[PDB]
């Protein structure tokens, strides 16, 4: 039975999203719909992504590393490779396990891009595994075309590149026709200055692989993401309730759900056209949330994209299987 996929602790503070690993504190309705495949599982035990249902560090053994200009100190370092070259990843060769499903936003000069996935890492020597220790930095990672020096974000894994580009200067740049990449899988969002940006990634920034089904709205039932507070590069100390604004990151599933779906096949429990529904009971009201066979969650928010805070959530109660065309109750 799918009832055990969503329980009270997942949404009252013990849950974490499947993209950022952040503590789930809100639901984010998406009236346009969206797609996600990386670290996302369906109810047929399957993913279209390239990541396991845990937070693996990111390691690719064969890319091109460079910096611009003749000076080698305090320089922007860029690493890139084609998609489909993560030949050591057993899930998919699209990209390394853990590599973020977001477009790599271009930047040059002194500018820092807004809204990219940033991780801390370094380039390493393919002869022996040793780091090029002057290349440690915060790197924006994502999918792109035009690397190395005309980067534009991409939304597809087909015929594109994976890129890491340092958002700040490294101590000692490396020009290596072949070099490895190592980045931790805990991300922050790129920002400049003190302001928070929109919830990240926005729908049109998510990269998906061929075959990924979309989460489309069905009437007033719209797909939802799970939101937590994430760090941002421009005000690294900002957290929940910062006077400079609170930054949210979203994922398509709680990671505990992803993990359960990767270990058990639910195809006999739910079939296309149905949701499994739970009731979320708050201090003053309730709403229903539905899960479809593609692993996406839905709520009946209609055209609203206002975040639903979970602070006053009391409990989650299973309701059962219902048609996906029946409007999910929204009584907040």
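Numbering follows the first chain given and starts at 1.
- Set 148-156 against 228-236 and average the Cα temperature factors; 148-156 ends up higher.
- Look at the mean CA B-factor for 70-78 and for 131-139 in the entry; the higher one is 70-78.
- Residues shown: 26, 65, 270, 58. Highest C-alpha temperature factor in the entry: 270.
- In this structure the maximum Cα B-factor among 32, 292, 52, 265 is found at 265.
- Residue-level temperature factors show residue 296 in the lowest third of its chain, judged at the C-alpha atom.
- Looking at the C-alpha B-factors along this chain, the one for residue 36 belongs to the lowest third.
- In this PDB entry, residue 248 carries a Cα temperature factor that places it within the lowest third of its chain's modelled residues.
- When all modelled residues of the chain are sorted by CA temperature factor, residue 126 is found within the middle third.
- Among all modelled residues in this chain, the alpha-carbon of residue 99 has a temperature factor (C-alpha) in the lowest third.
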